[PDB]
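Inspection log for the structure reproduced underneath, given as structure tokens.
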Amino acid sequence: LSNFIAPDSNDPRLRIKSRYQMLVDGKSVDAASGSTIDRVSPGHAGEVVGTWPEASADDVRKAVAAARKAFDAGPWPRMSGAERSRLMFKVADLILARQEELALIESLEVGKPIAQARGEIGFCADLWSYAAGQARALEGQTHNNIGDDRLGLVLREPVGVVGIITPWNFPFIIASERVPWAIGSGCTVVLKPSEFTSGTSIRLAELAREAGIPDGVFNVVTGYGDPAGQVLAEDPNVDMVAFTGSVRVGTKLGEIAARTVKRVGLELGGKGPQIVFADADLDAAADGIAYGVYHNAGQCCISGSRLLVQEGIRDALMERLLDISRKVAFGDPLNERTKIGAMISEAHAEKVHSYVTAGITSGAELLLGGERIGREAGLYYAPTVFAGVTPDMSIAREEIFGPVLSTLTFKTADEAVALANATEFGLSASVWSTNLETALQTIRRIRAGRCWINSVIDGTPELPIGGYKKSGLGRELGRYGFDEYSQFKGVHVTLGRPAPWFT
Amino acid sequence: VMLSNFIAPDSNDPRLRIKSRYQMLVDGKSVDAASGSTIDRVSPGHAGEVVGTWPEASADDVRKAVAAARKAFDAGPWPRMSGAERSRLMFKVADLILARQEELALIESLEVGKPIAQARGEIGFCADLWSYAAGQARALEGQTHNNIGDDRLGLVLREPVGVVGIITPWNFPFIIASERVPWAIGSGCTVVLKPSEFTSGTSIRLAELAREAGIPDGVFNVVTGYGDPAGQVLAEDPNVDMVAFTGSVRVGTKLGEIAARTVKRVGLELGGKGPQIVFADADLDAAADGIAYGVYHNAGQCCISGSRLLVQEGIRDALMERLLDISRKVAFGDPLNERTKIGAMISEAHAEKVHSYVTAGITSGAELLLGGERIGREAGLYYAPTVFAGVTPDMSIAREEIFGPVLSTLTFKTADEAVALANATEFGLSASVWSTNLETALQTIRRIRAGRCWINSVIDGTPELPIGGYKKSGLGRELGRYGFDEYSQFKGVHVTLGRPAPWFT
Amino acid sequence: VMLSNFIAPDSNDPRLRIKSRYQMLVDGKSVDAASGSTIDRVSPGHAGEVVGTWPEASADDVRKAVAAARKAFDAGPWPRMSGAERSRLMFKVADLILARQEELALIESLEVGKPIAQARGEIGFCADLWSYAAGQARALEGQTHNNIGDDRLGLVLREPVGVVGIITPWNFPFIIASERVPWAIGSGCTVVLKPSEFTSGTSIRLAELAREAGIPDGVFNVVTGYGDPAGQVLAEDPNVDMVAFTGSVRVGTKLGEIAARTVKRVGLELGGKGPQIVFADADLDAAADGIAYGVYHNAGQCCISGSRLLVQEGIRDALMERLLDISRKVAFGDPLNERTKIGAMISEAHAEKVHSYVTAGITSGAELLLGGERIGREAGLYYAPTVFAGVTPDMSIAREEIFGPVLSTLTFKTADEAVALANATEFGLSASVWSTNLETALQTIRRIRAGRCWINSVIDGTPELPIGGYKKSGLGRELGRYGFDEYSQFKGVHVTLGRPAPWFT
Amino acid sequence: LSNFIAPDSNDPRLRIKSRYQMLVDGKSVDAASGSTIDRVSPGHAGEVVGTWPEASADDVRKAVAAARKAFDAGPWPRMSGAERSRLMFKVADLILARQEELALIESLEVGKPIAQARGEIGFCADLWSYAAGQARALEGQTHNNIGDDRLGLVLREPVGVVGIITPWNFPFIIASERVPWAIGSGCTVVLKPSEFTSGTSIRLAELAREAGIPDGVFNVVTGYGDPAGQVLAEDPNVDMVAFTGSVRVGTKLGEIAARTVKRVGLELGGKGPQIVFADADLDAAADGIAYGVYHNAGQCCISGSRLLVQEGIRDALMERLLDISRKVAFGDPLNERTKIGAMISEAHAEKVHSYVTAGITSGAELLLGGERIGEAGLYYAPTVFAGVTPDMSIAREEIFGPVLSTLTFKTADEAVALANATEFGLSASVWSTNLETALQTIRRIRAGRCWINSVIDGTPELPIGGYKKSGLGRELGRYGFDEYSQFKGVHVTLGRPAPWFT
Ligand SMILES: [Ca+2]
């Protein structure tokens, strides 16, 4: 393919073969067993780019005890909001001081284009900064009007020990969307990144240490899903599990956590529509459609995976979309020109292709792609577009998590809302229209937590994120995330004595 | 042994003659179960008197109620009405509650075994819960962010959760329905309310009041029956968006587990083992009254009960003396008597469970100072006011929720010890601190891990403030402005006015 | 000329028989001025009909009212009541407003010259204002700061400002009282209400309804009289904490300067020159109706009037044709007729001033398309619906607030031009944008410097949202949650539990 | 008096004069006329330590014009919250980087002990940091429940151009309590510091320039009260005046501002009481009373200028207070050991002594101090009166010197009535270990800035301002942003409304 950029396994940066340790109670540690996991660069076949411990259940429980002691006995929850804030600002500063190093790690472990990784690192420094600024102003309420003899207080307090589990598609970003709100709320944390992508999360805990946030406030453990996931969800000393990843894994940890009334925060998958009306800015919308589906090679929960297009502009929109799709640079994650990088693993690329196969067998019309590219060099899947998709097809309903767009048409705004909502998911949606009523009413009527008008993907630390329906529980970011990691205590204070019950 | 503060029930009372029959309310219609099967409620206060009958719903009966709520949410006017419109209808329900206060109070008394004077006050409180919620429902807001770039506007829109299943317990039927329903429907939600098999009368009447007020069909449905199938159905049905459960930790955890299978939102309000901490500098007469109130309110069948007394050494004797004086005199017994302050146990199984905890406390070596037996066995279900002393944290009576009129007393020396003892529980619903000292009262209350706290008071709260638990006592916050967030979804919208900068470049 | 849309006053209407003598209300008592002097109101719709009389207060009469509010606040129970207690009393007032709706609507119609159907809708809206405020009054909060050191607790307490003097205009007497009084007394304040010399009847009735509801003596007092002495007394008296004035910029600025002499808080809601901007892509029929409504509502005697039409060149003729068709047909005249949409000028002095502006517009070279004279001169005070075209922004009719049914039309080519024209005013009260385009509707409204904005609508607002002006149109915000902050003080408390670190070593 | 630290005439830092210029539209400039004003350092022999321009009315109008253009046409208000915030954090960093330079200027110009000044500058860096964090999170409301065809928006916008006038007693702190909340809201500013104490304010504007804040966002002009005061209150291009200083000057500016409906924020004087109950921590309270009245030599609006003591701890308290009063190092502002600095001017030092003599002739009991001290420097001895009664001038009027008025009370109810018998309502402290006494007494005092078992020390997190004649509006915390914002209510109809004409 003309737009494919082949990698160069001779890149000097591939010779750095970083080895990492877990960080538990301030100390960098191996697994008791000494076992390790290697990460092979998905963009560069056979090139080992990271190794970290494979934790046992007991290794993870030690991380929990460190977080527990840090919360029960340590200074962190006792400090002022301002003191907590100053330390978190130092982490934000260190993230920028190490931007190049951190972006390289993400690119190599995830297969993320390096330019995209570099931008994500800077956005993470901004997340830490936002949260640091808000951490000191966290408040509760006074009720000075419940009777002269009484005063009502609602006090904000930390939930306690939070286990945070993060996925392979946006490792650093997801840690930075969770950890700062949790510890900023006065919580202590055990972070468990994906077995594929633990490098930047270990570095992040090491930066917090260098900052230096007290021992055991921010711990990181590494390993496969099974030990760590079960442990954090059932350990008595963990007060909350904040999970980000698939519905399948989310619901399992959710069921486990419910056994002991553990608070649960879930950010899960979706099948996000972009609705393009006939009066949209056609060039802006076409570019947004491509961005929505190809960003992170479509390995994105807020991907625009369904394109719902009004009948009258379907042809003009498809033409512009295919043109972008044929020209957009994909391949080598280390090339500064690359816009779309590698699939995370062979099993995942296989999953994506199997949906492309089901699409074809369903009768949907393949317009572009639908095959692996540069198979010898690494894991790459072609930009893929289906037309003629109907709502019943498995490709219109299930989350593919690859660069695969399903196109459906509609005639009226009412039909478009009905199609957008005919999903068990409810994470994201975009509406493209220049019409005040169409844009606002459509967005108001779609059951999705993360919405956009005349845009896609790009958000701000200032606004809350989360899903409706099966795409999640709770709300992160903005001021909302602090409520996720806080308990609220209602206090009825009687000054003097109450009226007696026994007369 | 007969106690002179026991008010014997009168089998003769005319109010027992009325054998009230009730129907479910689904999509505006009063309906029997498909099967025609019913459950009777015998008054716990008055042996053998049936005082209520209602349908035994099947799973399909419940799914039909879910379907009605689903339709009212997806196609009906309720979530598309203005907050003001919803608010006016909810005020009309509040006014109807007041209008029917004596009728409602009598039902609650007969079905729960609640003293009639307490039930009367509760019904008044419920009208107030409805009024508070109605006034707040129209003011519910989200946020604008007008500072995220000239080309962009940030919106956070508040919307309803959708269809909410609400399961309420036997101890405060009308109150808990009034703490949940108005916040859920005020947020634009529609509801299927499932009250306890023992105590469905006032909850059916509440749904009939909403219909009488003009609330659209399917917004507020009520089904009746045993714990299951309703519990399972609400937790598993794909058309239910959220389950709001109030009851035991045991049942709550199980419904939570089921609900998690489909990523269902869950609100839980569960049991506790609430401590009241009395310092040496407390107002002794007020504290002693508060201790009695704390444990005997609702016959101790109360999630926020003061079931543990933690008393500073050496006000111990002076507090105990006052507590025992009150406990000897306080009127318990016949729910229909206006003088009764403490009523009946909900059921024979429950009364045996309470007595089993008492016997366990004895075998543990705790000192029984008062009570510890059934009273008027032939007349109804009554348990004497009971006080244990010399309880140590390891005993089952110090740890487990008894849910009877049974106090466990433990002493401490220092504030720090009081805090450690208070937090030495898997529960965290409620706590009270009694002290005249600024630093002790406030630092102690700040350090206790419980969601519902009191200083120099106990039990009585306000619609204005949030309620909920820490640890195993609950998930989420109800009441005040908080309850509306429990029944809302928040939608974050990034609005580009014009066009974004192109990605392909 | 006789217009066929003019409804001539019917002097045989039996409602014109009603004579009404009102008294001031101070410290719970209905009272005359010490002098016995009174002021009559002649109906502006019906020549020679005397429809109300009320006292002409002396400076000393007003100080007595101030002293009653002072006593009510300093010693009486109102500010010490719970929010819930105040709320219940305010809901009773809202209920009374509805119970007396027809009575109140008639008073407003007769005294103001307001069409009876409009007056009736306003009274209903006022009942909703009182209900909204009553709902919110009980939930008012401050903040806790639990994160400023383990040894400290931060509290922000909300408290009432105290005694508030409220001065209201003749154009919307009941509405403005109802947008101010409930927010003030709901905050725990006590008030002295001073309505216009022309229109005191509904305001005295409102104070009488508060008394009837059981609001404590001295919480809500009303005095009547000319602009001064009342205005000067309220703005200079040491026992007044705040003046909330609504009326002309000239009077507000003067009261503002006087009040500043003693650091007295001031809320001002003043006049405007509000534009409606109609873009080529607007819904033309809707925009045309909204233009008519914007300028003719209350006979244009309205601070939020759309007194300037800024219309995009391409649709100027189509919009004008629709606007003039409505303007030829719309019923104006007899305020007592149910068909009337536009009523009387408030006074002969006001009608002359309105005509003075129209004559100035003609001399400036503006094109008179419609109206521009008095109608039914013998029967009452009526001014014809009036439209000017070809208005340029240097003309006195583009710049000054006319306060009659007189529209000034100017054209523009681009949104940027429309914004600059809209903002080329010293005023900043209201503005409307009509457009079907997302970007131009929202970007235009974000760029216009006015506090009360509308898209694709005009005039009609909600109690839920705040109101007030930019620039010379006002100071402060009323309504929604904002009005409570206007009548509250916030007390920041740094609480040290135990001992701070010593300053002296 | 052996607690006096005599000023060292030879300290070299007294010889290092500094000259400053105004800063307008990013440019450092002298007055059009070239005229300047000097400042003599009040703790020392007539040593000139600062000079800055004497502005004309036209100079101030140009500063307003620069702010106006910066707001109407420049990037500042159109920037995201995040972008403004990043620039404000850079100013916070610069303040810390220049801490010692700034502390010395404040010490030299106002007569403030250098250890106090050091802490103050540190605190100002924190004020800027807090404000910078909060600026990006400012929000309005959506009302999504006012009918299916409608959407309510409340949009927060900047008020526009703000004139900020600051006093001689805390020049850097008050600039740092106002400017960051104003520019953080999207506003542009013209700062006018006192003629006595312009040095740190000019440096602050230059730090903002150095940080990269756009030209015209933060301007600083210097000179006497007028013409700057009049111009800021009268210029139609100014949208708001934020004034801090005396009731007398505040009320006059407020009157002028009212003539054109100009928004005004006022932070004025006080007569703050500290209430000490019999159950208070005696040692902490005694130390608190001394702090309260002697901080900044009593030249403080939040001074505990009245002591209200419960009969029966009166004598044990008075003993502790006098012991402290006699040992506390006062004098040379340049000494690291000094706790109490110099008076501001000769005219002010004399005003303080005049109140002291008027307190003597009223019948009050002088227990300590009451004398001017020095020949080279303006100073006043720690002064404690007993037996003061509500009606005496020293009980009613703001002295603004290190002069305590002591009154006794029997009950909490009398303590409250005594605390509230003032036209002021800026601050109050309550000392008690009793839950009900501490909280009910604080709830009943009509004052905006309150303390329990503490005095003086506050946080950026919490709002400040006065009741009664002590001010209008609320600064700091989240409240200060509302002071510099306008709120725009929008009823948005999607599609079309129901027609009026049917
Ligand atoms: Ca007549």
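Residue numbering restarts at 1 in every chain; chains get A, B, ... in the order shown in the structure tokens, and ligands count up from 1 in that same order.
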- prompt: What residues in range 219-426 of chain A get the DSSP label helix (DSSP H, G or I)? Please answer as a ChimeraX atom specification.
  reply: /A:225-234,247-258,282-298,311-327,346-362,394-397,413-421
With the cut-off set at 8 Å and counting only C-alpha atoms and all ligand atoms, tabulate each residue of chain C with an atom at most that distance from an atom of ligand 1, showing the nearest atom pair and its distance in Å to one decimal, ordered by chain and increasing number, as a tab-separated table.
residue	atom	partner	partner_atom_place_in_ligand_line	distance
C:16	CA	ligand 1	1 (Ca)	4.7
C:17	CA	ligand 1	1 (Ca)	4.3
C:18	CA	ligand 1	1 (Ca)	6.0
C:19	CA	ligand 1	1 (Ca)	6.4
C:48	CA	ligand 1	1 (Ca)	7.8
C:49	CA	ligand 1	1 (Ca)	4.6
C:50	CA	ligand 1	1 (Ca)	5.6
C:51	CA	ligand 1	1 (Ca)	6.7
Please save N, CA and C atoms of the selected residues as a tab-separated table (two decimals), in the first residue's frame.
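The new file part-v9.tsv reads:
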chain	number	residue	atom	x	y	z
C	16	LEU	N	-65.76	48.80	36.93
C	16	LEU	CA	-65.39	50.20	37.15
C	16	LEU	C	-66.15	50.86	38.32
C	17	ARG	N	-67.12	50.15	38.90
C	17	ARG	CA	-67.82	50.65	40.11
C	17	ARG	C	-66.93	50.54	41.34
C	18	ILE	N	-66.00	49.60	41.32
C	18	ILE	CA	-65.23	49.27	42.52
C	18	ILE	C	-64.35	50.42	42.99
C	19	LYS	N	-64.56	50.86	44.23
C	19	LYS	CA	-63.63	51.81	44.84
C	19	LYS	C	-62.77	51.04	45.81
C	48	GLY	N	-61.01	59.30	34.23
C	48	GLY	CA	-61.82	59.75	35.37
C	48	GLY	C	-62.26	58.69	36.37
C	49	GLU	N	-61.94	57.42	36.12
C	49	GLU	CA	-62.29	56.36	37.08
C	49	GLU	C	-61.22	56.25	38.16
C	50	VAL	N	-61.60	56.48	39.41
C	50	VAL	CA	-60.64	56.41	40.51
C	50	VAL	C	-60.66	54.96	41.03
C	51	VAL	N	-59.53	54.27	40.87
C	51	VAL	CA	-59.48	52.82	41.12
C	51	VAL	C	-58.70	52.41	42.34
message: I'd like the neighbourhood of residue 291 in chain C as a ChimeraX atom specification, where a residue qualifies if any of its atoms comes within 12 Å (using only C-alpha atoms), though same-chain residues fewer than 5 positions away should be ignored.
response: /C:274-278,284-286,296-297,300,305-311,319-320,322-324,326-327,387,405-409,431-434,456-459 /D:499-501
How would the residues just picked look written out with N, CA and C atoms as a compact mmCIF listing (two decimals), in the first residue's frame?
# COMPACT_ATOMS: atom_id res chain seq x y z
N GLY C 274 -32.84 46.96 24.42
CA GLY C 274 -32.52 45.62 24.00
C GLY C 274 -32.77 45.40 22.51
N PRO C 275 -31.81 44.76 21.84
CA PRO C 275 -31.98 44.43 20.43
C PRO C 275 -32.52 43.02 20.23
N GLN C 276 -33.33 42.82 19.20
CA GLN C 276 -33.53 41.49 18.65
C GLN C 276 -32.82 41.42 17.29
N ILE C 277 -31.99 40.39 17.12
CA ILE C 277 -31.20 40.23 15.90
C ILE C 277 -31.82 39.08 15.15
N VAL C 278 -32.24 39.35 13.91
CA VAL C 278 -32.88 38.38 13.07
C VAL C 278 -32.00 38.13 11.84
N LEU C 284 -38.96 32.72 9.81
CA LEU C 284 -39.50 34.06 9.61
C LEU C 284 -40.83 34.32 10.32
N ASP C 285 -41.76 33.37 10.27
CA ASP C 285 -43.06 33.57 10.92
C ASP C 285 -42.88 33.69 12.43
N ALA C 286 -42.02 32.84 12.99
CA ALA C 286 -41.75 32.88 14.43
C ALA C 286 -41.04 34.18 14.84
N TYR C 296 -44.31 45.19 21.73
CA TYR C 296 -45.67 45.50 22.19
C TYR C 296 -46.04 44.98 23.58
N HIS C 297 -45.30 44.00 24.08
CA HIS C 297 -45.56 43.46 25.40
C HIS C 297 -45.60 44.60 26.40
N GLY C 300 -44.86 48.13 25.42
CA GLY C 300 -43.46 48.52 25.36
C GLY C 300 -42.91 49.16 26.62
N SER C 305 -37.80 44.94 26.80
CA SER C 305 -38.45 45.12 25.50
C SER C 305 -37.42 44.98 24.39
N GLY C 306 -37.82 44.34 23.29
CA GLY C 306 -37.05 44.38 22.06
C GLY C 306 -37.37 45.69 21.32
N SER C 307 -36.73 46.76 21.75
CA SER C 307 -37.02 48.09 21.24
C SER C 307 -36.22 48.41 19.96
N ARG C 308 -35.16 47.63 19.71
CA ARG C 308 -34.41 47.69 18.45
C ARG C 308 -34.52 46.37 17.70
N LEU C 309 -34.93 46.45 16.44
CA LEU C 309 -34.83 45.30 15.54
C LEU C 309 -33.58 45.48 14.66
N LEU C 310 -32.66 44.52 14.73
CA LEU C 310 -31.48 44.50 13.85
C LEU C 310 -31.71 43.32 12.92
N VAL C 311 -31.96 43.62 11.64
CA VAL C 311 -32.39 42.59 10.69
C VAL C 311 -31.39 42.47 9.54
N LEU C 319 -39.60 40.11 6.54
CA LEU C 319 -39.87 40.16 7.98
C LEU C 319 -40.80 41.34 8.27
N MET C 320 -40.48 42.50 7.71
CA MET C 320 -41.30 43.71 7.85
C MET C 320 -42.76 43.50 7.42
N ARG C 322 -44.45 40.71 7.40
CA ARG C 322 -45.11 39.87 8.41
C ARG C 322 -45.37 40.64 9.71
N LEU C 323 -44.37 41.43 10.13
CA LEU C 323 -44.48 42.25 11.34
C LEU C 323 -45.61 43.28 11.23
N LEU C 324 -45.70 43.95 10.09
CA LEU C 324 -46.74 44.95 9.90
C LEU C 324 -48.13 44.34 9.82
N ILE C 326 -49.12 41.67 11.49
CA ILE C 326 -49.50 41.43 12.89
C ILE C 326 -49.88 42.76 13.54
N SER C 327 -49.09 43.79 13.27
CA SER C 327 -49.25 45.05 13.97
C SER C 327 -50.59 45.73 13.63
N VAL C 387 -43.88 51.69 14.39
CA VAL C 387 -42.66 51.12 13.80
C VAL C 387 -41.91 52.18 12.97
N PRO C 405 -44.75 51.63 22.81
CA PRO C 405 -44.79 50.58 21.79
C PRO C 405 -44.17 51.06 20.47
N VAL C 406 -42.89 51.39 20.51
CA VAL C 406 -42.20 52.03 19.41
C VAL C 406 -40.95 51.23 19.06
N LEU C 407 -40.95 50.62 17.88
CA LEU C 407 -39.80 49.86 17.38
C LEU C 407 -38.91 50.67 16.45
N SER C 408 -37.59 50.56 16.66
CA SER C 408 -36.59 51.11 15.75
C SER C 408 -35.91 49.97 15.00
N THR C 409 -35.99 50.03 13.67
CA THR C 409 -35.41 49.01 12.79
C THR C 409 -34.14 49.52 12.11
N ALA C 431 -31.29 40.82 25.21
CA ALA C 431 -31.05 40.69 23.76
C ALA C 431 -31.61 39.36 23.32
N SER C 432 -32.11 39.31 22.09
CA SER C 432 -32.52 38.06 21.47
C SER C 432 -31.80 37.88 20.15
N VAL C 433 -31.46 36.63 19.83
CA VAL C 433 -30.93 36.24 18.52
C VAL C 433 -31.88 35.21 17.90
N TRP C 434 -32.32 35.49 16.67
CA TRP C 434 -33.13 34.55 15.89
C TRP C 434 -32.32 33.99 14.71
N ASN C 456 -34.12 32.57 19.65
CA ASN C 456 -35.39 32.14 19.03
C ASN C 456 -36.60 32.29 19.96
N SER C 457 -36.56 33.34 20.76
CA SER C 457 -37.59 33.58 21.75
C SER C 457 -37.37 34.99 22.30
N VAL C 458 -38.30 35.47 23.11
CA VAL C 458 -38.19 36.81 23.69
C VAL C 458 -39.16 36.87 24.88
N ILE C 459 -38.85 37.75 25.83
CA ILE C 459 -39.69 38.07 27.00
C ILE C 459 -39.78 36.93 28.04
N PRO D 499 -46.70 30.96 19.31
CA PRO D 499 -46.83 32.38 18.91
C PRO D 499 -47.58 33.21 19.95
N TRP D 500 -47.18 34.47 20.11
CA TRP D 500 -47.90 35.43 20.94
C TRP D 500 -49.21 35.82 20.25
N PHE D 501 -49.13 36.14 18.97
CA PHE D 501 -50.31 36.54 18.21
C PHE D 501 -50.98 35.32 17.59
Non-local contacts of range 175-191 of chain A (7 Å; only C-alpha atoms; under 3 positions in same chain excluded) as JSON, numbers by chain: {"A": [63, 64, 67, 70, 71, 76, 77, 84, 124, 127, 128, 131, 132, 135, 158, 159, 160, 161, 162, 163, 164, 165, 166, 171, 172, 201, 217, 218, 219, 220, 221, 477, 481, 482, 485, 486]}
- prompt: Any idea what's packed within 9 Å of residue 101 in chain B, counting only C-alpha atoms, ignoring anything in its chain fewer than 6 positions away? Could you give it as a ChimeraX atom specification?
  reply: /B:120,123-124
Sorted per-residue table, chain A near chain C, closest atoms and distance, 9 Å, only C-alpha atoms, as a Markdown table:
| residue | atom | partner | partner_atom | distance |
| --- | --- | --- | --- | --- |
| A:77 | CA | C:147 | CA | 8.9 |
| A:78 | CA | C:150 | CA | 5.9 |
| A:79 | CA | C:149 | CA | 6.1 |
| A:80 | CA | C:148 | CA | 4.7 |
| A:81 | CA | C:147 | CA | 5.1 |
| A:82 | CA | C:148 | CA | 7.5 |
| A:136 | CA | C:147 | CA | 7.3 |
| A:137 | CA | C:145 | CA | 7.8 |
| A:138 | CA | C:145 | CA | 7.1 |
| A:139 | CA | C:145 | CA | 5.1 |
| A:140 | CA | C:144 | CA | 4.7 |
| A:141 | CA | C:143 | CA | 4.0 |
| A:142 | CA | C:142 | CA | 4.8 |
| A:143 | CA | C:141 | CA | 5.1 |
| A:144 | CA | C:157 | CA | 6.3 |
| A:145 | CA | C:82 | CA | 5.0 |
| A:146 | CA | C:82 | CA | 4.7 |
| A:147 | CA | C:82 | CA | 4.5 |
| A:148 | CA | C:80 | CA | 5.7 |
| A:153 | CA | C:144 | CA | 7.1 |
| A:154 | CA | C:144 | CA | 7.1 |
| A:155 | CA | C:146 | CA | 6.3 |
| A:156 | CA | C:146 | CA | 6.5 |
| A:157 | CA | C:146 | CA | 7.7 |
| A:433 | CA | C:438 | CA | 8.0 |
| A:434 | CA | C:438 | CA | 5.5 |
| A:435 | CA | C:437 | CA | 4.7 |
| A:436 | CA | C:438 | CA | 3.8 |
| A:437 | CA | C:436 | CA | 7.0 |
| A:438 | CA | C:438 | CA | 8.8 |
| A:439 | CA | C:438 | CA | 7.5 |
| A:440 | CA | C:438 | CA | 8.5 |
- request: One decimal, Å: what's the distance from CA of residue 152 in chain A over to CA of residue 443 in chain B, could you say?
  value: 15.7 Å
- request: Using DSSP on the backbone coordinates, identify the residues of range 205-451 of chain B assigned to strand (DSSP E or B); present them as a PyMOL selection string.
  value: chain B and resi 220-222+242-246+265-269+274-278+306-312+332-333+342+367-370+374-375+382-383+386-389+406-412+430-434+437
Counting only C-alpha atoms, which residues in chain D sit no more than 6 Å from chain B? For each one, give the nearest pair of atoms and the distance in Å, sorted by chain then residue number, as a Markdown table.
| residue | atom | partner | partner_atom | distance |
| --- | --- | --- | --- | --- |
| D:78 | CA | B:150 | CA | 5.6 |
| D:80 | CA | B:148 | CA | 4.6 |
| D:81 | CA | B:147 | CA | 5.2 |
| D:139 | CA | B:145 | CA | 5.1 |
| D:140 | CA | B:144 | CA | 4.7 |
| D:141 | CA | B:143 | CA | 4.0 |
| D:142 | CA | B:142 | CA | 4.7 |
| D:143 | CA | B:141 | CA | 5.1 |
| D:145 | CA | B:82 | CA | 5.0 |
| D:146 | CA | B:82 | CA | 4.7 |
| D:147 | CA | B:82 | CA | 4.6 |
| D:148 | CA | B:80 | CA | 5.6 |
| D:433 | CA | B:438 | CA | 5.4 |
| D:434 | CA | B:437 | CA | 4.8 |
| D:435 | CA | B:438 | CA | 3.8 |
task: Enumerate as an MDAnalysis selection string the residues belonging to chain D that approach chain A to within 6 Å, with only C-alpha atoms taken into account.
output: chainID D and resid 133 436 494:495
Written selection (N, CA, C and O atoms) as a short mmCIF file (atom, residue, chain, number, x, y, z; two decimals), in the first residue's frame:
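Result went into selection_35.cif, see below:
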data_model
loop_
_atom_site.label_atom_id
_atom_site.label_comp_id
_atom_site.auth_asym_id
_atom_site.auth_seq_id
_atom_site.Cartn_x
_atom_site.Cartn_y
_atom_site.Cartn_z
N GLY D 133 -4.85 27.77 39.85
CA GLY D 133 -5.51 26.47 39.85
C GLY D 133 -7.01 26.59 39.63
O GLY D 133 -7.62 25.80 38.89
N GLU D 436 -20.67 24.60 72.18
CA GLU D 436 -21.80 25.49 72.08
C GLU D 436 -21.41 26.96 72.17
O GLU D 436 -21.90 27.78 71.37
N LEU D 494 -35.16 25.79 20.91
CA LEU D 494 -34.74 24.96 19.78
C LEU D 494 -35.97 24.73 18.88
O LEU D 494 -36.94 24.05 19.28
N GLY D 495 -35.92 25.30 17.69
CA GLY D 495 -37.10 25.38 16.84
C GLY D 495 -37.77 26.72 17.11
O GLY D 495 -37.11 27.76 17.09
#
